[PDB]
Every structure is written in structure tokens, then in C-alpha cells.
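Residue numbers (my numbering), protein chains in the order written: chain A, 228 to 356; chain B, 228 to 356; chain C, 228 to 356; chain D, 228 to 356; chain E, 228 to 356; chain F, 228 to 356. Here is the structure we will look at, set down as C-alpha cells.
Protein chains: 6
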Amino acid sequence: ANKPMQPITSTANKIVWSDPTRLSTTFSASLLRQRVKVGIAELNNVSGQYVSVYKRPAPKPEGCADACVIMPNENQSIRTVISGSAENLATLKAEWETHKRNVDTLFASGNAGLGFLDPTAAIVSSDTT
Amino acid sequence: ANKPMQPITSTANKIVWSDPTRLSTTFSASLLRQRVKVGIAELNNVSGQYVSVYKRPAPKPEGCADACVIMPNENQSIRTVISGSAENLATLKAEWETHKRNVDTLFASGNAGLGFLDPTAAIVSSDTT
Amino acid sequence: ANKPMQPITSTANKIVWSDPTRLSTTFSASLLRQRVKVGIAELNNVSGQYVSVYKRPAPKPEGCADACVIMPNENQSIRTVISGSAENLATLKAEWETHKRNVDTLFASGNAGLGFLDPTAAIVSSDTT
Amino acid sequence: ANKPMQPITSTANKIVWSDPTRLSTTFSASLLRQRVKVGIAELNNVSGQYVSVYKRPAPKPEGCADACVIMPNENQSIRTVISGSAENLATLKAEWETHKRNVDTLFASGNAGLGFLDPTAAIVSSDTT
Amino acid sequence: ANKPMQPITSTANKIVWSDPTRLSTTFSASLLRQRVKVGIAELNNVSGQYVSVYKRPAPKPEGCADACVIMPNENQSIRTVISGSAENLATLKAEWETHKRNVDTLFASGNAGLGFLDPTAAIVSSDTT
Amino acid sequence: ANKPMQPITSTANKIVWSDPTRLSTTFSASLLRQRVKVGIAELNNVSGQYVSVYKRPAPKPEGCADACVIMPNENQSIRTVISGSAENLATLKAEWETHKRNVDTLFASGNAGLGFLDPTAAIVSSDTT
């Protein structure tokens, strides 16, 4: 099905995968750690930055067509940042799920891609009733 | 199930939701529309920034006490940036799903949330055959 | 039959639609609400402005060229302004119909589209006997 | 059934029809011709401006039901501007039809004339499926 | 029974409902948010402002009993300001009920509307016995 | 059931009540009488102002503390202004009732007390059929 990608670059801080069949397609994950003190407690805050980059050509316009014309590619980027204390990861996972579902409601099932924000979208919190 | 929110700030470019039961837990989406001149083609680029913020109290020591003691609050934040051409929204949604899967197989499934990122993760691309 | 479009910007006074398949073909409606006093009485005046814009390429000579590179394209704009008191809306609608009729008998049927007048054209009023 | 008007004023660009029985209602057409270049060719642009004007008395008090009472007349004005090259007249007429239907959807059928909009309107494009 | 109004002007801060049949009557709500500190804790203050406006003609001469006679409309305005922390909403609602009862005692029942004050009125507190 | 209070300051234009058991919880009514010309006629305009003030402590965490020290306390204020001609008081009373209804369906029932608007609220007018 989907092409597996292998780590081009490996580091204690950064790892990057790419498609061997298409070196432009990349998926990069980074982690950054801090020793954070709140109140009296000590927590291990971590910021996970995940970037998905794809290189896609422009659609086919009209004026000189054959089966032998290419359009210059355009960048498609998706960046996700997850910041939170490692000590409280169980709730963070559920909040990630809620974030995914809200983004799907706005975008994957709405005209957010077009550029219109629907104030009537059903946006729900992480906390269940 | 999940408690719905309602808009607090409305704009043609930004809408912010908040939980009536618990304030300070917000889900703000901002959209930006541009006119990117690809090399030979004119494309309408849409940049969407999705932010979800939760204030979670810090965990208390085991068997600490009753609610007579209140802990400081964490900052569980999720930021997602979707950038792409409006023309290729059909492919962009698939890229978004693959981004979900790749992030899940490290953060949700794996231990990336604790700072342990695994080079052996089963990363997949958006190209499916 | 006819492909619908989606709104991109919605306010309390202006809404913009555009074709997802082919952007730059827009239909925007704008309203201005004013309080106008006529005689002893005072009426609410509504000024509706509607703009239809289609971006169109230059006319194509028959069999002249194939279908990739975009030639320069022209604007094709229609602008309609409706002014009247909401207290007197039915007559305004009737006059809108008669305006359609006159514009059609000059432009749709006659040679006004090319830029030719016709003093012999059969113009009709909203008043009916 | 409608009372025809006759041209009060005749000019190479301006013609004004007015009702002999009621000179307060007029329909005037104005065309401005222009020569424009679209790079590959020179086109003849025309901008037809169509104005429908009617002087209408303010609505009577409900149940007044007499000819004795008279009130000052408001202005009901409809201004239409058609622009585009004469070469593309055939498709410009179709765009005119689509514009007519959209304006009917908002104003005629809908309650857009009263001073408020509906983003859920069913707007359609000029280009068919 | 009562005529419903619909939001003519919408904003995250301001919303205005007006009667489509009679645009002279409006109900407008405005909310101002504020963060206030009472030393021990931080509270979210909200100051809801609500305005009811109606244009009403002056009373007819006694026994006139015709639709022919009309007179200019006066202003009937009711402004309500609700202030208080969102935390104490439960008791603020009871305070609202008590305020309603007191205003009914003075104005609705007594001659407060005509300009007559009664110090002997039976005012009641928010706190029950 | 509900404890009454006593007036403390009575004039011909302003009366102040306060709870003997717990003062600073006051209810003051003030009136302004003006002579306003409308059309040929002249009407007596009455401007009634009613203020309900409750001095309330900060929200109390459950079982947090026993019973001496006054923590800092917040204000809970309600201000109602009634404007209209005494010559037309009957309609003003019904409009007051409808104002109650709208304020209740936003604040008492809806989430307006927290800072959440609702364009979908069932706002109704005094005009009844």
C-alpha cells in the first residue's frame, strides 16, 4: 500500500524519513526537552515537532497540451507541535485525539481548506460529560 | 460525550471556542489566504493554523490529601499548521490522514511523548500502491 | 447541471462565494442599511449590491491551439445595485422583474451587447393595465 | 399590459425612455466602448450601464383605504452594469442568466431585500457540469 | 404569537435581532469580558448589556378611531446591565429573579412609570429567610 | 420566605432600600421626569432607573475553610433603565415583559451569563398575533 520510508538522518534530537522512490517526500520528527519547575513540583516538559512535507505538481492548465507537459511543483506542508509534561501523558493522548477530531470536523469535513471558517461547526472538548 | 464549546472571538480569519463548563480550554483556528504565483501558474494558497490549549493541574503526590491543596496548572498545547494549494485539496486531505497515522505511530503508539523517539518506526508515505 | 460554489467569507453585511473547482469566479453580495426620513414618516432603506465576476480567457480561434499554457484572460463583470425601502418590498421586486425584462430586450435579444443602441426597442414599465 | 415608454433623449451612448402617463418613472441605458489588449489580441470592450428609476409613494397606514391621504414618494432605483468584450458575448449572456438566477435566489426568493443575508444560500456558477 | 426576530448584525461581541416585518423594533445584546482579581483568586467578570428598543406612535386622540390619522413615533427603550463573576452565576440568577420582582413591584404594579414613588413598597432581598 | 428590607433614604425622586440583617445589599430606584415634544403634541417622558447591588464573597471551595474571616468580596450589580412616555404606559409594561423574556432566554437559560452568545436564540417581540 503506502510506501515505507527509511531514516535519512538519525540524531539523538532529530530523525528524518524519506521515500526511496521519491526523495522529495519527507517526514521529520523532532523532540525538545526541558527541566521545568512549577509550584513545588518538577516536570519533564517535552515539545514534539512533527513535519510532513510533500512535493506536488500544479494541475493541468489549458493552451499547449500534449501528454508531454509538466507543471512546476508546489509545496504541501503539515506541521504539528505537541507540548506538555511527560508526567501527564495519558491525558495528553486523549487531547491529541480530540484535536484530531476537531481538525477533521473543521477541515476534513468542512470548507476550511477552501478558506471559509464555519462558526457552526460541532467543536467538542477533551473532557467527556 | 465530549462537552461542546461555543465561539468566543469571531473574525473572518479567526474563531475561538471555549468550554462553558471550564474556561481557559480553547480551540482556536486561524486561516490565511494568499495568491502564490507558482513558476508558470497562479495558485490560491490556504494556510490554516489550528491551536488547542488545555490547562491541566499538575499531578499531586500519591495519597497526597483531599482538595484542600490545589496544584499549579500545566500547559498542554497542540498546534497544527496546514499549508497547501486550494486546488489540490483532495490530495491534501489524504496527506493529512497520513500525517495523522505517522504521528500516531510515534506519539500515541510509541514513547515519543516521553522523549524516546524510535528510528525503527513504521513510517508510511501518502503514495499508496 | 450547474455546479454550485461555496461561501468563503461571511459577515453580517457581505458574503463572498467562489467556485471550488475554478476559483476567481466569484459572486459577492453586500448590503447597506440606512434610516431615511421621507415626509413626516421615516423608512428603512436597504441598498443591496451584487457583483458577479467571471475570469475568462481571450476568444479562442477554431482549432488554433491545444490545452496546457494559459493565455492572458479578461474580466467579465456584472454589477447590480438594488435600492429601496424594505417597507415597500413587493413593488421593488416587481420593478426588479421589469428591469430584467428591459435589460433582456436590449442586451439578451438586441445588439446592446455589441454596443449598439436601439431607439425602436419595446421598453415596458412596472405599471400594469 | 405594461405601459410602454418612449425615448425622451436620444444620443449615440444615452437613451432615456419615460412613461408619458407618468414622467417620474424612467429607464435609461448608457454604453461606453473601449479598445483593450489582452496581449495576444486586441478586443473591443463595452460597459453597458442600465438604470431603472421609479418614484413610489410611501406605504399607506394600514386600513386607511382612501384616496384623500397622500404621502411623499420614495425612490426605487436599480442599476446594472454589464462589462466584457464583445467577442465573448455568447458566454456573457449565459453569465447574465446565472447572475439573474443568483440575484433571484438572494433578493427575490430570499429575504435579502429586508436587510439581512443567508450564507446557506444555493448559489450556482455560470459554468455547467 | 410573538413575532420572532432574527440577527441582522452578528459579532462575537454584539448581536442585534430585528423584526423583518417592522425593522423599527430591535433587541440588542452586548457582552464585555474582563479578568478581575479578588486577591485570593482570579475571576472572569462579564458585563452583559441588553437593550430593547421600540418605535411606538403617540396615543391617538380619544375616540378618533380611524386609520387615516397618524402621529410621530416615540421611543420606548429598556436597558439592562448584568455584571458579575462567571463563577457566581448560580446566585447571580437568583439575584436577577429578585431584581425582576422588585422592578415589577415598583413599575409594573405601582405608579413608578407615571413618576410616582412609593417608599412604602414591599421590597424583598435576594437572600431568603 | 424571602426577607424584606427597609428604605434608608426617601426623596421625591430617589429611594434607597437596604437589608437590615446584611447591609450593603441595596436596591435604589431613581426617576427622571421630562417634557418632550413629539410632532405637534407634547408628551411627558419618564426615565426610571433601578439598581440592584449585592456585595458577594469570592466563590468558596468546598469544605475549604471554617467561619471567621471575610475574604475579599465581589460586586453583583443589575441596572435597569426604563424610558417612555407615561401617556403610553400600557404598551411599555408589555415591552418590559418581553424584555424579561429575552433576557431570560439569553441569560437565565442560555450561556450569556458566562460570555457565550447564541445567534440561534428564540428572540421574540412584543408585537403579538
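We put the beta carbon where it would ideally sit given N, CA and C, even for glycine.
Membership of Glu322 (chain A) in the alpha helix (DSSP H) is indicated by the continuous run 316 to 330. Within the DSSP secondary-structure output, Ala268 (chain C) pairs in a beta bridge with C:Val265. Take the alpha-carbon of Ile235 (chain B) and the one of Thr238 (chain C): they are about 16 Å apart. Short of 7 Å from the beta carbon of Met232 (chain B), and not among the five residues preceding or following it, lie these beta carbons of its own chain, in chain order: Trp244, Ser245, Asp246, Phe254. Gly290 (chain D) sits in coil when the DSSP states are folded into three classes, being neither helix nor strand. For the options F:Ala256, F:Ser257, F:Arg249, F:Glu269, the alpha carbon positioned closest to that of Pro284 (chain F) is the one of F:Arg249.
For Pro234 (chain F), there are no neighbours in chain B by C-beta distance under 8 Å, as the nearest C-beta there is about 39 Å away. Distance between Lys320 (chain E) and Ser352 (chain F), taken at the CA atoms: about 23 Å. Listed in chain order, the positions of the segment 251 to 265 of chain C with a beta carbon within less than 7 Å of a beta carbon of chain D are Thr252, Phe254, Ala256, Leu258, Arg260, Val265. Residue environment: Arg328 (chain F) is assigned as buried (16 or more neighbouring CB atoms within 10 Å of its CB, all protein chains considered). Assigned with DSSP and collapsed to three states, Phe334 (chain F) falls in helix.
Judged by DSSP in its simplified three-state form, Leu250 (chain E) adopts coil rather than helix or strand. When 7 Å is used as the limit between beta carbons, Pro247 (chain C) is near these residues of chain A: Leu341, in chain order. Put simply, the CB of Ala317 (chain C) is far from chain E, with every gap to its CB atoms at 9 Å or more.
At a cut-off of 9 Å between beta carbons, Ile297 (chain C) makes no contact with chain D. Closest in C-alpha terms to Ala348 (chain B), from the list B:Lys241, B:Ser304, B:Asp331, comes B:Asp331. In this structure, the straight-line span from the alpha carbon of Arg262 (chain E) to that of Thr325 (chain D) is close to 51 Å. Using beta-carbon distances, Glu289 (chain F) does not count as an interface residue toward chain E, since no partner is under 9 Å. Closer than 9 Å to the CB of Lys230 (chain E) there is at least one CB belonging to chain F. For the segment 306 to 331 of chain C, the set of positions with a beta-carbon nearer than 9 Å to some beta-carbon of chain D reads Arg306, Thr307, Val308, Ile309, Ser310, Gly311, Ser312, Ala313, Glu314, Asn315, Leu316, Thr318, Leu319, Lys320, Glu322, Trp323, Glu324, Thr325, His326, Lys327, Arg328, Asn329, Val330, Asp331 in chain order.
In this structure, the alpha-carbon of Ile309 (chain B) lies about 40 Å from that of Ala335 (chain F). Note on geometry: alpha-carbon atoms of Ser304 (chain F) and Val278 (chain D) lie some 56 Å from one another. Annotation for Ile350 (chain B): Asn329 place their beta carbon closer than 7 Å to its own, counting only its chain and skipping 5 residues before and after. A straight line joining the alpha-carbon of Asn271 (chain C) with that of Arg260 (chain C) spans about 7 Å.
In the same chain as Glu314 (chain D), and ignoring 5 residues on each side of it, the C-beta atoms closer than 8 Å to its own belong to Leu270, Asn271, in chain order. Burial is judged here by how many other beta carbons sit within 10 angstroms of a residue's own beta carbon; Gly340 (chain C) has at least 16 and is buried.
Nearest to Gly275 (chain B) by alpha-carbon distance, out of B:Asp354, B:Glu301, B:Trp323, B:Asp293, is B:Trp323. Between the alpha carbons of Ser312 (chain D) and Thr318 (chain D) lies a distance of about 10 Å. The beta carbon of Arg306 (chain B) sits closer than 6 Å to the beta carbons of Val278 from its chain, once the five residues preceding and following it are set aside; these are given in chain order. Secondary structure note for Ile305 (chain D): its beta strand (DSSP E) is the uninterrupted segment 300 to 312.
The alpha-carbon separation between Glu301 (chain F) and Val273 (chain E) amounts to approximately 12 Å. Cβ-Cβ separation between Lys241 (chain C) and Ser257 (chain C): approximately 4 Å, consistent with a contact (criterion under 8 Å). Using a Cβ-Cβ cut-off of 9 Å, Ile267 (chain C) is close to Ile297, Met298, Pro299 of chain E, given in chain order. Interface flag for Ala292 (chain A) against chain B is unset, since no Cβ pair is found closer than 9 Å. Assignment of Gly340 (chain E) by DSSP, reduced to helix, strand and coil, places it in the coil class. When only Cα atoms are considered, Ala294 (chain A) and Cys295 (chain C) end up about 10 Å apart.
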